[PDB]
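K.L.:
Just so it is clear, I am handing over work33.txt, which has compact mmCIF, C-alpha atoms.
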```txt
# COMPACT_ATOMS: atom_id res chain seq x y z
CA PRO Y 1 158.39 196.55 190.21
CA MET Y 2 161.26 194.21 189.40
CA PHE Y 3 164.31 195.42 187.48
CA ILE Y 4 166.98 192.90 186.33
CA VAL Y 5 170.23 193.76 184.56
CA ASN Y 6 172.42 191.03 183.08
CA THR Y 7 175.83 192.27 181.92
CA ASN Y 8 179.31 191.11 180.88
CA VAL Y 9 180.87 194.00 182.91
CA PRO Y 10 182.84 192.48 185.83
CA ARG Y 11 181.56 192.48 189.39
CA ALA Y 12 184.39 194.78 190.50
CA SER Y 13 183.10 197.44 188.07
CA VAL Y 14 179.66 197.60 189.73
CA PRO Y 15 179.87 200.55 192.15
CA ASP Y 16 179.01 200.25 195.79
CA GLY Y 17 175.54 201.66 196.19
CA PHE Y 18 174.39 200.73 192.70
CA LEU Y 19 171.46 198.63 193.91
CA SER Y 20 170.34 201.46 196.23
CA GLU Y 21 170.60 203.99 193.40
CA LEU Y 22 168.54 201.80 191.08
CA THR Y 23 165.97 201.35 193.85
CA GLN Y 24 165.61 205.08 194.46
CA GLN Y 25 165.58 206.13 190.79
CA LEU Y 26 163.04 203.45 189.90
CA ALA Y 27 160.79 204.37 192.83
CA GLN Y 28 160.85 207.96 191.57
CA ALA Y 29 160.36 206.99 187.92
CA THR Y 30 157.46 204.53 188.43
CA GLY Y 31 155.92 206.51 191.30
CA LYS Y 32 155.83 203.37 193.44
CA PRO Y 33 157.19 203.27 197.00
CA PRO Y 34 160.76 202.01 197.29
CA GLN Y 35 159.53 199.20 199.52
CA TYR Y 36 158.00 197.59 196.41
CA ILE Y 37 161.05 198.00 194.13
CA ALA Y 38 163.23 194.92 193.68
CA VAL Y 39 166.54 195.13 191.80
CA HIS Y 40 168.90 192.37 190.63
CA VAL Y 41 172.30 192.88 188.99
CA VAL Y 42 174.13 189.96 187.32
CA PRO Y 43 177.71 190.80 186.26
CA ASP Y 44 180.44 188.69 184.63
CA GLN Y 45 178.02 187.17 182.11
CA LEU Y 46 178.93 185.40 178.88
CA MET Y 47 176.98 187.52 176.40
CA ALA Y 48 177.26 189.35 173.11
CA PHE Y 49 175.32 192.18 171.46
CA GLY Y 50 175.50 192.45 167.67
CA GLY Y 51 178.16 189.74 167.72
CA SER Y 52 180.45 191.83 169.91
CA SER Y 53 181.55 191.16 173.48
CA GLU Y 54 182.16 194.84 174.23
CA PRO Y 55 180.24 195.91 177.37
CA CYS Y 56 176.48 195.37 177.02
CA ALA Y 57 173.38 194.76 179.11
CA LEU Y 58 170.21 192.74 178.71
CA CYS Y 59 167.52 193.98 181.12
CA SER Y 60 163.86 193.72 182.02
CA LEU Y 61 161.43 195.88 183.99
CA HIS Y 62 158.28 194.14 185.21
CA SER Y 63 155.66 196.44 186.71
CA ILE Y 64 151.95 196.25 187.51
CA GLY Y 65 150.96 199.21 185.34
CA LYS Y 66 153.12 202.30 184.75
CA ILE Y 67 154.18 200.72 181.43
CA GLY Y 68 153.46 202.44 178.11
CA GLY Y 69 154.84 204.26 175.14
CA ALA Y 70 155.86 207.53 176.73
CA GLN Y 71 156.74 206.07 180.12
CA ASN Y 72 159.02 203.46 178.57
CA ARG Y 73 160.91 206.08 176.56
CA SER Y 74 161.51 207.98 179.78
CA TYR Y 75 162.54 204.80 181.65
CA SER Y 76 164.94 203.97 178.83
CA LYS Y 77 166.60 207.39 178.97
CA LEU Y 78 166.92 207.01 182.74
CA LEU Y 79 168.20 203.45 182.80
CA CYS Y 80 170.54 203.77 179.81
CA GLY Y 81 171.87 206.90 181.48
CA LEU Y 82 172.61 205.02 184.67
CA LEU Y 83 174.17 202.05 182.92
CA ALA Y 84 176.41 204.37 180.87
CA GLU Y 85 177.49 206.47 183.87
CA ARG Y 86 177.94 203.73 186.46
CA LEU Y 87 178.86 200.69 184.32
CA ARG Y 88 180.33 202.43 181.23
CA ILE Y 89 177.92 200.59 178.91
CA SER Y 90 176.98 202.39 175.69
CA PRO Y 91 173.19 202.98 175.43
CA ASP Y 92 173.11 201.30 172.01
CA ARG Y 93 174.40 198.08 173.63
CA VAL Y 94 171.43 197.90 176.08
CA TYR Y 95 168.09 196.16 175.59
CA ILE Y 96 165.32 196.62 178.18
CA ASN Y 97 162.21 194.49 177.97
CA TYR Y 98 159.24 196.31 179.56
CA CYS Y 99 156.53 193.97 180.84
CA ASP Y 100 153.15 195.23 182.12
CA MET Y 101 152.01 192.56 184.61
CA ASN Y 102 148.42 191.95 185.63
CA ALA Y 103 148.07 192.11 189.41
CA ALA Y 104 146.59 188.60 189.53
CA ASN Y 105 149.74 187.34 187.74
CA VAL Y 106 152.16 188.58 190.44
CA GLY Y 107 152.67 186.44 193.52
CA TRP Y 108 153.86 187.97 196.80
CA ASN Y 109 153.43 187.20 200.48
CA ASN Y 110 151.57 183.90 200.02
CA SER Y 111 148.99 185.34 197.58
CA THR Y 112 148.83 187.72 194.58
CA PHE Y 113 148.41 191.49 194.21
CA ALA Y 114 144.87 191.15 192.78
CA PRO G 1 166.21 189.54 169.18
CA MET G 2 167.44 188.47 172.62
CA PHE G 3 168.30 184.78 173.13
CA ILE G 4 169.13 183.46 176.62
CA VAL G 5 170.25 179.88 177.39
CA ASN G 6 170.54 178.73 181.01
CA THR G 7 172.07 175.28 181.35
CA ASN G 8 173.64 172.88 183.86
CA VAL G 9 176.36 172.03 181.32
CA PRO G 10 179.72 173.24 182.75
CA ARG G 11 181.41 176.31 181.33
CA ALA G 12 184.31 174.24 180.00
CA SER G 13 181.83 172.35 177.81
CA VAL G 14 180.68 175.53 176.00
CA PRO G 15 182.89 175.60 172.89
CA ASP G 16 184.80 178.64 171.79
CA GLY G 17 182.83 180.49 169.12
CA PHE G 18 179.40 179.50 170.43
CA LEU G 19 178.05 183.00 171.06
CA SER G 20 179.09 183.96 167.52
CA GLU G 21 177.48 180.87 166.03
CA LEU G 22 174.24 181.66 167.89
CA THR G 23 174.34 185.29 166.69
CA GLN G 24 174.90 184.31 163.06
CA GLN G 25 172.32 181.57 162.91
CA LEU G 26 169.67 183.63 164.74
CA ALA G 27 170.23 186.52 162.31
CA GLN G 28 169.66 184.18 159.38
CA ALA G 29 166.64 182.45 160.90
CA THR G 30 164.84 185.60 162.08
CA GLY G 31 165.88 187.74 159.15
CA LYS G 32 167.08 190.43 161.47
CA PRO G 33 170.42 192.21 160.98
CA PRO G 34 173.08 190.59 163.16
CA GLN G 35 173.76 193.97 164.83
CA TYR G 36 170.36 193.66 166.59
CA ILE G 37 170.93 190.10 167.87
CA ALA G 38 171.88 189.70 171.54
CA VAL G 39 172.86 186.30 172.98
CA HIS G 40 173.53 185.17 176.54
CA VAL G 41 174.71 181.75 177.74
CA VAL G 42 174.64 180.84 181.44
CA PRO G 43 176.40 177.56 182.26
CA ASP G 44 176.98 175.69 185.54
CA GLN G 45 173.39 176.22 186.68
CA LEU G 46 171.53 174.32 189.40
CA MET G 47 168.56 173.02 187.44
CA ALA G 48 166.51 169.96 186.70
CA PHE G 49 164.22 168.89 183.85
CA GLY G 50 161.67 166.20 184.60
CA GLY G 51 163.26 165.79 188.01
CA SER G 52 166.56 164.83 186.42
CA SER G 53 169.88 166.68 186.50
CA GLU G 54 171.11 165.21 183.20
CA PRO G 55 172.09 168.01 180.78
CA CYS G 56 169.21 170.36 180.02
CA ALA G 57 168.53 173.94 178.96
CA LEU G 58 165.90 176.56 179.80
CA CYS G 59 165.85 179.31 177.20
CA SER G 60 163.95 182.29 175.91
CA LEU G 61 163.84 184.18 172.62
CA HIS G 62 162.36 187.68 172.72
CA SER G 63 161.92 189.45 169.36
CA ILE G 64 160.02 192.42 167.98
CA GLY G 65 158.00 190.37 165.52
CA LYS G 66 159.19 187.24 163.66
CA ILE G 67 157.43 185.07 166.31
CA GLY G 68 154.71 182.66 165.24
CA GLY G 69 153.77 179.03 165.05
CA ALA G 70 155.73 178.04 161.95
CA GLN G 71 158.62 180.38 162.68
CA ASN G 72 158.91 179.08 166.23
CA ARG G 73 158.99 175.46 165.00
CA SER G 74 161.88 176.40 162.72
CA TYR G 75 163.73 178.22 165.51
CA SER G 76 163.32 175.22 167.79
CA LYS G 77 164.80 172.84 165.25
CA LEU G 78 167.73 175.24 164.77
CA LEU G 79 168.32 175.93 168.45
CA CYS G 80 167.80 172.39 169.70
CA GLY G 81 170.13 171.26 166.93
CA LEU G 82 172.84 173.67 168.08
CA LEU G 83 172.40 172.75 171.76
CA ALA G 84 172.65 169.03 170.91
CA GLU G 85 175.67 169.41 168.65
CA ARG G 86 177.61 171.93 170.72
CA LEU G 87 176.54 171.30 174.36
CA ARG G 88 175.42 167.64 174.00
CA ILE G 89 171.95 168.44 175.39
CA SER G 90 169.12 166.20 174.20
CA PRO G 91 166.39 168.19 172.38
CA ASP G 92 163.73 166.73 174.66
CA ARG G 93 165.49 168.35 177.67
CA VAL G 94 165.24 171.87 176.18
CA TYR G 95 162.45 174.40 176.72
CA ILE G 96 162.40 177.72 174.79
CA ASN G 97 159.90 180.48 175.67
CA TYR G 98 159.16 182.54 172.55
CA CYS G 99 158.03 186.09 173.32
CA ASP G 100 156.75 188.59 170.70
CA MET G 101 157.60 192.04 172.01
CA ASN G 102 155.82 195.23 171.06
CA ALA G 103 158.33 197.75 169.78
CA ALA G 104 157.08 200.30 172.35
CA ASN G 105 158.06 197.79 175.09
CA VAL G 106 161.74 197.41 174.08
CA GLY G 107 164.19 200.06 175.34
CA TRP G 108 167.40 200.63 173.38
CA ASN G 109 169.72 203.60 172.87
CA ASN G 110 167.94 205.92 175.36
CA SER G 111 164.49 205.36 173.81
CA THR G 112 162.33 202.52 172.45
CA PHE G 113 161.74 201.08 169.00
CA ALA G 114 158.25 202.54 168.61
CA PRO Z 1 156.09 174.25 183.34
CA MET Z 2 159.27 176.18 184.07
CA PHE Z 3 159.99 177.63 187.53
CA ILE Z 4 163.01 179.90 188.17
CA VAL Z 5 164.06 181.31 191.54
CA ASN Z 6 166.80 183.95 191.80
CA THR Z 7 167.94 184.63 195.35
CA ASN Z 8 170.69 186.20 197.41
CA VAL Z 9 170.68 183.20 199.79
CA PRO Z 10 174.06 181.43 199.51
CA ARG Z 11 174.38 178.14 197.68
CA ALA Z 12 175.27 176.28 200.88
CA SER Z 13 171.89 177.32 202.34
CA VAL Z 14 169.99 175.53 199.56
CA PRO Z 15 169.25 172.11 201.09
CA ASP Z 16 169.85 168.84 199.40
CA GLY Z 17 166.74 167.62 197.63
CA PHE Z 18 165.30 171.11 196.99
CA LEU Z 19 165.10 170.86 193.20
CA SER Z 20 163.27 167.53 193.57
CA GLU Z 21 160.88 168.99 196.14
CA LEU Z 22 160.07 171.90 193.81
CA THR Z 23 159.56 169.45 190.91
CA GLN Z 24 157.18 167.28 192.93
CA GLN Z 25 155.16 170.09 194.47
CA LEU Z 26 154.78 171.94 191.15
CA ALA Z 27 153.69 168.74 189.40
CA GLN Z 28 151.00 168.34 192.04
CA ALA Z 29 149.95 172.00 192.01
CA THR Z 30 149.78 172.49 188.23
CA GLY Z 31 148.50 168.97 187.65
CA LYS Z 32 151.08 168.39 184.96
CA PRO Z 33 153.33 165.29 185.11
CA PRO Z 34 156.71 165.77 186.82
CA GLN Z 35 158.44 164.70 183.60
CA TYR Z 36 157.33 168.07 182.17
CA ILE Z 37 158.37 170.26 185.17
CA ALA Z 38 161.65 172.14 184.91
CA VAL Z 39 163.16 173.99 187.86
CA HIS Z 40 166.10 176.35 188.22
CA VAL Z 41 167.58 177.85 191.43
CA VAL Z 42 170.13 180.67 191.22
CA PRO Z 43 171.73 181.46 194.59
CA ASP Z 44 174.36 184.02 195.69
CA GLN Z 45 172.76 186.77 193.62
CA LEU Z 46 173.37 190.51 194.01
CA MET Z 47 169.86 191.77 194.72
CA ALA Z 48 167.76 194.01 196.89
CA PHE Z 49 164.08 193.97 197.74
CA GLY Z 50 162.47 197.17 199.02
CA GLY Z 51 165.90 198.75 199.39
CA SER Z 52 167.51 196.09 201.59
CA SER Z 53 169.31 192.78 201.21
CA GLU Z 54 167.90 190.37 203.79
CA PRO Z 55 167.03 187.08 202.05
CA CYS Z 56 164.65 187.62 199.11
CA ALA Z 57 163.61 185.89 195.89
CA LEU Z 58 162.60 186.98 192.39
CA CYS Z 59 160.87 184.14 190.59
CA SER Z 60 158.85 183.21 187.53
CA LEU Z 61 156.48 180.36 186.64
CA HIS Z 62 155.84 179.83 182.91
CA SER Z 63 153.09 177.31 182.17
CA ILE Z 64 150.94 176.38 179.17
CA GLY Z 65 147.63 177.08 180.84
CA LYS Z 66 146.88 176.42 184.54
CA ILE Z 67 147.46 180.16 185.17
CA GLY Z 68 144.72 182.36 186.65
CA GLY Z 69 143.66 184.32 189.66
CA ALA Z 70 142.78 181.53 192.06
CA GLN Z 71 145.42 179.12 190.77
CA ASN Z 72 148.09 181.77 191.14
CA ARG Z 73 147.11 182.51 194.74
CA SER Z 74 147.44 178.80 195.50
CA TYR Z 75 150.81 178.59 193.73
CA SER Z 76 152.03 181.59 195.73
CA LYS Z 77 151.03 180.04 199.03
CA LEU Z 78 152.82 176.84 198.06
CA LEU Z 79 155.97 178.48 196.74
CA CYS Z 80 156.34 181.14 199.41
CA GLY Z 81 155.84 178.34 201.91
CA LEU Z 82 158.66 176.32 200.36
CA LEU Z 83 161.02 179.32 200.11
CA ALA Z 84 160.32 180.24 203.76
CA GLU Z 85 160.73 176.67 205.10
CA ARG Z 86 163.72 175.69 203.01
CA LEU Z 87 165.63 178.94 202.27
CA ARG Z 88 164.38 181.03 205.25
CA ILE Z 89 163.08 183.78 202.98
CA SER Z 90 160.19 185.85 204.29
CA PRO Z 91 157.12 185.56 202.02
CA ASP Z 92 156.88 189.37 201.89
CA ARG Z 93 160.30 189.44 200.18
CA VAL Z 94 159.23 187.10 197.30
CA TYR Z 95 157.89 188.18 193.90
CA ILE Z 96 156.67 185.51 191.45
CA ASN Z 97 155.77 186.50 187.88
CA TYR Z 98 153.16 184.06 186.49
CA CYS Z 99 153.22 183.73 182.70
CA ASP Z 100 150.56 181.82 180.70
CA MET Z 101 152.33 180.59 177.58
CA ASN Z 102 150.64 179.64 174.30
CA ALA Z 103 151.63 176.11 173.25
CA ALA Z 104 152.89 177.43 169.89
CA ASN Z 105 155.22 179.79 171.80
CA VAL Z 106 157.07 176.98 173.69
CA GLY Z 107 159.89 175.19 171.89
CA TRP Z 108 160.82 171.65 172.93
CA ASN Z 109 162.29 168.61 171.13
CA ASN Z 110 163.01 170.40 167.83
CA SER Z 111 159.45 171.76 167.48
CA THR Z 112 156.79 173.44 169.66
CA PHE Z 113 154.04 172.14 171.84
CA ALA Z 114 151.39 173.34 169.36
```
What does the file become when written as C-alpha cells?

P.N.:
Amino acid sequence: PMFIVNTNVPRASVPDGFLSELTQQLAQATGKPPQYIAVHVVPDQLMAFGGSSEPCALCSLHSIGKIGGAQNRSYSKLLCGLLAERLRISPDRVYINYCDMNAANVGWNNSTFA
Amino acid sequence: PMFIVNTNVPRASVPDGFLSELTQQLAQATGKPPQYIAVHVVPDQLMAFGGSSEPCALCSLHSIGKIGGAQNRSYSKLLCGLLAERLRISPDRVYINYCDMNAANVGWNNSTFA
Amino acid sequence: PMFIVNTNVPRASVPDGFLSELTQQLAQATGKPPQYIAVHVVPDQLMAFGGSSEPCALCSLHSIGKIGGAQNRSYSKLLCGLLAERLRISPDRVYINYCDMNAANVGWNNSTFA
C-alpha cells in the first residue's frame, strides 16, 4: 500500500516518528506487512479547502485489495484521527482518495505484482 | 472536487488570489458547493512536456460525479484558460487527468461520502 | 503519457539529462511520440518504504491505452532500471501505479483527447 498526505501544515509541525506511526497503523489497518507499506508526507503546500487556507490535507491510499465501503470508513476514522492528533488538522478539512489497484497495474522490483 | 496543478512556473509567478479564483470557478463549473472544493498548486517543479522545459502543467481533477466527455471538455477550456492567463502556460503544454470517484472511495470527516 | 516519480533522493543526485532520458525511453516503450510524453521528478521528499528511508520511489504512469499485464512488466523493468542506474534506488524500493486513462478523461489544449 501507498499512502500520500499533502498538507499546508509546516514541516516543523510534522512530529518526529510520524512516518513510522503511519507505517505501523496502516500495516495493522490493511493487514499487510509493514515491509509493503510506503508513506509520503508533503508539508508546506499551497492549498485550500472550501476556499480557506486553514490547515487541511489532500491524501490518497492505493492498495491492491483491502478497499471497500466498510474498510474505507474505518481507514478514514483512523487516518483523520491521526491527522487531527499529530498535525492538528480538522477531519472535515481532509479528503482521502481510496484506490483499489489491480496487481498487474502495480510495478515493483522490475516487474508487477500479478 | 480536488484539483491539483503541478508546474515548473516559479512560485513568484503564481498571482495572489489564484487558489481562490480556482475554487470559485471550479464550484461554478462543477455545480458543487464551494465548501467541497479543494485546490492545490505546486510550483517550481522539475518537469518536462514533450521533452521541453518551457512552462507546462500536469494536473488532475478528482470529483464524485460531474465527470464526463462534455463536462471534461468544458473544464479543460476553463482550466487551460486560467493557466494561460494567470501562469502564462500554453494550453497545449497542459495535461489534466479527470477521475470520477465513487462516493464510497472518498474519505472525509472520519467517514466516507457513501 | 504522464510519468511522475517522487523520491527522497536529493536534488543534487538527479543527474543532468534525466528528464530527457525518461522522455526518450518512455516514448520508445509506450510507442507514443516524445512530443506527447510528460515527465516530472520530485526529489528531497519525506518518505518511507517498508518502514525505512533508504532511497525509494513512488511513481505513476498515466497513459491512454498501452497499459496491460505484459506491457506493465516491461515498463517496470525499464523504469526500475533507470531509477537504479541514475538515482541509485533499489528496484525493490520502487512502486509504480499504472493507470489506463480514457481519452475523454484527459484534458489538453482546451479540450480532451476524445

K.L.:
Counting all atoms listed in the file, which residue out of Y:78, Y:14, Y:86, Y:66 sits closest to residue 102 of chain Y?

P.N.:
Y:66

K.L.:
Starting from chain Z, keep only residues with some atom at most 7 Å from an atom of chain Y, counting only C-alpha atoms, and report them as JSON, numbers by chain.

P.N.:
{"Z": [46, 47, 48, 49, 50, 51, 69, 72, 73, 76, 77, 80, 91, 92, 94, 95, 96, 97, 98]}

K.L.:
Given the selection you just returned, output its residues as a file containing C-alpha atoms, formatted as a compact mmCIF listing (two decimals), in the coordinates of the input.

P.N.:
```txt
# COMPACT_ATOMS: atom_id res chain seq x y z
CA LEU Z 46 173.37 190.51 194.01
CA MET Z 47 169.86 191.77 194.72
CA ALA Z 48 167.76 194.01 196.89
CA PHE Z 49 164.08 193.97 197.74
CA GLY Z 50 162.47 197.17 199.02
CA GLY Z 51 165.90 198.75 199.39
CA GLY Z 69 143.66 184.32 189.66
CA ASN Z 72 148.09 181.77 191.14
CA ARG Z 73 147.11 182.51 194.74
CA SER Z 76 152.03 181.59 195.73
CA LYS Z 77 151.03 180.04 199.03
CA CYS Z 80 156.34 181.14 199.41
CA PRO Z 91 157.12 185.56 202.02
CA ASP Z 92 156.88 189.37 201.89
CA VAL Z 94 159.23 187.10 197.30
CA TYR Z 95 157.89 188.18 193.90
CA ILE Z 96 156.67 185.51 191.45
CA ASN Z 97 155.77 186.50 187.88
CA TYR Z 98 153.16 184.06 186.49
```

K.L.:
Between atom CA of residue 83 of chain Z and atom CA of residue 31 of chain Z, what is the distance, to one decimal in Å?

P.N.:
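Distance reported for this atom pair: 20.5 Å.
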
K.L.:
Least-squares superpose chain G on chain Y across all ordered C-alpha pairs, then write out what you get as a PDB file with C-alpha atoms, in the coordinates of the input.

P.N.:
```pdb
ATOM      1  CA  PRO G   1     158.488 196.691 189.969  1.00  0.00           C
ATOM      2  CA  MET G   2     161.230 194.141 189.284  1.00  0.00           C
ATOM      3  CA  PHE G   3     164.333 195.333 187.397  1.00  0.00           C
ATOM      4  CA  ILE G   4     166.975 192.820 186.250  1.00  0.00           C
ATOM      5  CA  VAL G   5     170.280 193.748 184.554  1.00  0.00           C
ATOM      6  CA  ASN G   6     172.487 191.008 183.094  1.00  0.00           C
ATOM      7  CA  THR G   7     175.841 192.294 181.887  1.00  0.00           C
ATOM      8  CA  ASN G   8     179.328 191.177 180.830  1.00  0.00           C
ATOM      9  CA  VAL G   9     180.843 194.009 182.894  1.00  0.00           C
ATOM     10  CA  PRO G  10     182.904 192.422 185.728  1.00  0.00           C
ATOM     11  CA  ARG G  11     181.629 192.484 189.287  1.00  0.00           C
ATOM     12  CA  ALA G  12     184.467 194.767 190.385  1.00  0.00           C
ATOM     13  CA  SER G  13     183.173 197.389 187.942  1.00  0.00           C
ATOM     14  CA  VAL G  14     179.731 197.567 189.626  1.00  0.00           C
ATOM     15  CA  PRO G  15     180.111 200.480 192.061  1.00  0.00           C
ATOM     16  CA  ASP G  16     179.121 200.282 195.678  1.00  0.00           C
ATOM     17  CA  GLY G  17     175.649 201.754 196.134  1.00  0.00           C
ATOM     18  CA  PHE G  18     174.370 200.777 192.688  1.00  0.00           C
ATOM     19  CA  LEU G  19     171.452 198.609 193.808  1.00  0.00           C
ATOM     20  CA  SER G  20     170.311 201.447 196.084  1.00  0.00           C
ATOM     21  CA  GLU G  21     170.623 204.015 193.315  1.00  0.00           C
ATOM     22  CA  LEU G  22     168.547 201.787 191.012  1.00  0.00           C
ATOM     23  CA  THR G  23     165.900 201.304 193.730  1.00  0.00           C
ATOM     24  CA  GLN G  24     165.620 205.030 194.433  1.00  0.00           C
ATOM     25  CA  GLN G  25     165.516 206.178 190.847  1.00  0.00           C
ATOM     26  CA  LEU G  26     163.035 203.467 189.795  1.00  0.00           C
ATOM     27  CA  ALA G  27     160.737 204.441 192.683  1.00  0.00           C
ATOM     28  CA  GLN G  28     160.783 208.049 191.517  1.00  0.00           C
ATOM     29  CA  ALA G  29     160.329 207.230 187.836  1.00  0.00           C
ATOM     30  CA  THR G  30     157.516 204.689 188.265  1.00  0.00           C
ATOM     31  CA  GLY G  31     155.846 206.468 191.144  1.00  0.00           C
ATOM     32  CA  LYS G  32     155.797 203.299 193.146  1.00  0.00           C
ATOM     33  CA  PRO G  33     156.805 203.191 196.826  1.00  0.00           C
ATOM     34  CA  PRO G  34     160.435 202.106 197.140  1.00  0.00           C
ATOM     35  CA  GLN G  35     159.362 199.189 199.379  1.00  0.00           C
ATOM     36  CA  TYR G  36     157.834 197.515 196.278  1.00  0.00           C
ATOM     37  CA  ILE G  37     160.928 197.939 194.067  1.00  0.00           C
ATOM     38  CA  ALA G  38     163.135 194.874 193.553  1.00  0.00           C
ATOM     39  CA  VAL G  39     166.467 195.113 191.701  1.00  0.00           C
ATOM     40  CA  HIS G  40     168.903 192.444 190.543  1.00  0.00           C
ATOM     41  CA  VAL G  41     172.301 192.920 188.883  1.00  0.00           C
ATOM     42  CA  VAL G  42     174.137 189.981 187.297  1.00  0.00           C
ATOM     43  CA  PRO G  43     177.712 190.777 186.243  1.00  0.00           C
ATOM     44  CA  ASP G  44     180.454 188.673 184.616  1.00  0.00           C
ATOM     45  CA  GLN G  45     178.046 187.181 182.077  1.00  0.00           C
ATOM     46  CA  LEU G  46     178.924 185.433 178.816  1.00  0.00           C
ATOM     47  CA  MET G  47     177.002 187.561 176.340  1.00  0.00           C
ATOM     48  CA  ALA G  48     177.257 189.413 173.082  1.00  0.00           C
ATOM     49  CA  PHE G  49     175.343 192.288 171.473  1.00  0.00           C
ATOM     50  CA  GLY G  50     175.547 192.607 167.710  1.00  0.00           C
ATOM     51  CA  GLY G  51     178.110 189.822 167.718  1.00  0.00           C
ATOM     52  CA  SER G  52     180.431 191.885 169.886  1.00  0.00           C
ATOM     53  CA  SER G  53     181.582 191.233 173.449  1.00  0.00           C
ATOM     54  CA  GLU G  54     182.191 194.918 174.235  1.00  0.00           C
ATOM     55  CA  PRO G  55     180.243 195.949 177.366  1.00  0.00           C
ATOM     56  CA  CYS G  56     176.503 195.427 176.998  1.00  0.00           C
ATOM     57  CA  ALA G  57     173.399 194.789 179.086  1.00  0.00           C
ATOM     58  CA  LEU G  58     170.227 192.727 178.662  1.00  0.00           C
ATOM     59  CA  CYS G  59     167.536 193.874 181.064  1.00  0.00           C
ATOM     60  CA  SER G  60     163.887 193.621 181.945  1.00  0.00           C
ATOM     61  CA  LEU G  61     161.454 195.757 183.927  1.00  0.00           C
ATOM     62  CA  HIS G  62     158.258 194.057 185.089  1.00  0.00           C
ATOM     63  CA  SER G  63     155.648 196.285 186.773  1.00  0.00           C
ATOM     64  CA  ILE G  64     151.973 196.117 187.670  1.00  0.00           C
ATOM     65  CA  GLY G  65     151.003 199.082 185.525  1.00  0.00           C
ATOM     66  CA  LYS G  66     153.142 202.186 184.844  1.00  0.00           C
ATOM     67  CA  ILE G  67     154.235 200.624 181.498  1.00  0.00           C
ATOM     68  CA  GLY G  68     153.500 202.447 178.260  1.00  0.00           C
ATOM     69  CA  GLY G  69     155.076 204.125 175.293  1.00  0.00           C
ATOM     70  CA  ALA G  70     155.956 207.470 176.863  1.00  0.00           C
ATOM     71  CA  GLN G  71     156.732 205.994 180.266  1.00  0.00           C
ATOM     72  CA  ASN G  72     159.009 203.382 178.728  1.00  0.00           C
ATOM     73  CA  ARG G  73     160.914 206.057 176.769  1.00  0.00           C
ATOM     74  CA  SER G  74     161.508 207.893 180.042  1.00  0.00           C
ATOM     75  CA  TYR G  75     162.623 204.719 181.832  1.00  0.00           C
ATOM     76  CA  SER G  76     165.041 203.938 179.020  1.00  0.00           C
ATOM     77  CA  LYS G  77     166.666 207.348 179.205  1.00  0.00           C
ATOM     78  CA  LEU G  78     167.003 206.937 182.985  1.00  0.00           C
ATOM     79  CA  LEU G  79     168.277 203.368 182.911  1.00  0.00           C
ATOM     80  CA  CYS G  80     170.595 203.739 179.936  1.00  0.00           C
ATOM     81  CA  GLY G  81     171.936 206.872 181.598  1.00  0.00           C
ATOM     82  CA  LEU G  82     172.692 204.976 184.808  1.00  0.00           C
ATOM     83  CA  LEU G  83     174.272 202.034 182.955  1.00  0.00           C
ATOM     84  CA  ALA G  84     176.492 204.423 180.957  1.00  0.00           C
ATOM     85  CA  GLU G  85     177.536 206.491 183.958  1.00  0.00           C
ATOM     86  CA  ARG G  86     178.016 203.669 186.449  1.00  0.00           C
ATOM     87  CA  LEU G  87     178.964 200.596 184.338  1.00  0.00           C
ATOM     88  CA  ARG G  88     180.374 202.427 181.266  1.00  0.00           C
ATOM     89  CA  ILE G  89     177.967 200.602 178.924  1.00  0.00           C
ATOM     90  CA  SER G  90     177.007 202.453 175.747  1.00  0.00           C
ATOM     91  CA  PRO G  91     173.222 203.050 175.528  1.00  0.00           C
ATOM     92  CA  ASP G  92     173.116 201.454 172.086  1.00  0.00           C
ATOM     93  CA  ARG G  93     174.373 198.163 173.625  1.00  0.00           C
ATOM     94  CA  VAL G  94     171.451 197.966 176.094  1.00  0.00           C
ATOM     95  CA  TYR G  95     168.120 196.203 175.575  1.00  0.00           C
ATOM     96  CA  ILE G  96     165.306 196.501 178.172  1.00  0.00           C
ATOM     97  CA  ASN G  97     162.150 194.352 177.922  1.00  0.00           C
ATOM     98  CA  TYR G  98     159.235 196.219 179.515  1.00  0.00           C
ATOM     99  CA  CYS G  99     156.486 193.918 180.790  1.00  0.00           C
ATOM    100  CA  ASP G 100     153.098 195.109 182.149  1.00  0.00           C
ATOM    101  CA  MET G 101     151.970 192.497 184.648  1.00  0.00           C
ATOM    102  CA  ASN G 102     148.392 191.855 185.663  1.00  0.00           C
ATOM    103  CA  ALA G 103     148.080 192.083 189.424  1.00  0.00           C
ATOM    104  CA  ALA G 104     146.517 188.587 189.506  1.00  0.00           C
ATOM    105  CA  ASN G 105     149.748 187.272 187.893  1.00  0.00           C
ATOM    106  CA  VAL G 106     152.170 188.588 190.560  1.00  0.00           C
ATOM    107  CA  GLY G 107     152.633 186.472 193.709  1.00  0.00           C
ATOM    108  CA  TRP G 108     153.795 188.201 196.892  1.00  0.00           C
ATOM    109  CA  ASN G 109     153.340 187.529 200.608  1.00  0.00           C
ATOM    110  CA  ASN G 110     151.529 184.170 200.181  1.00  0.00           C
ATOM    111  CA  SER G 111     148.953 185.578 197.731  1.00  0.00           C
ATOM    112  CA  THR G 112     148.774 187.885 194.694  1.00  0.00           C
ATOM    113  CA  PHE G 113     148.055 191.571 194.226  1.00  0.00           C
ATOM    114  CA  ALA G 114     144.587 191.061 192.751  1.00  0.00           C
TER     115      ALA G 114
END
```

K.L.:
Quick one, how far is atom CA of residue 88 of chain G from atom CA of residue 17 of chain G?

P.N.:
15.6 Å

K.L.:
What does the structure give for the distance between atom CA of residue 64 of chain Y and atom CA of residue 30 of chain Y, in Å to one decimal?

P.N.:
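That distance, rounded to one decimal, is 10.0 Å.
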
K.L.:
Would you mind telling me which residue in Z:89, Z:9, Z:99, Z:26 lies nearest to residue 68 of chain Z when using only C-alpha atoms?

P.N.:
Z:99

K.L.:
Counting all atoms listed in the file, which residue out of G:85, G:79, G:25, G:65 sits closest to residue 5 of chain G?

P.N.:
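Of all the options, G:79 lies closest to residue 5 of chain G.
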
K.L.:
Counting all atoms listed in the file, figure out which residue out of G:84, G:56, G:67, G:61 gets nearest to residue 10 of chain G.

P.N.:
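So, comparing all the options, the nearest one is G:56.
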
K.L.:
When distances are computed from only C-alpha atoms, which of Y:70, Y:75, Y:93, Y:12 shows the smallest separation from residue 52 of chain Y?

P.N.:
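The answer is Y:93, which sits nearest to residue 52 of chain Y.
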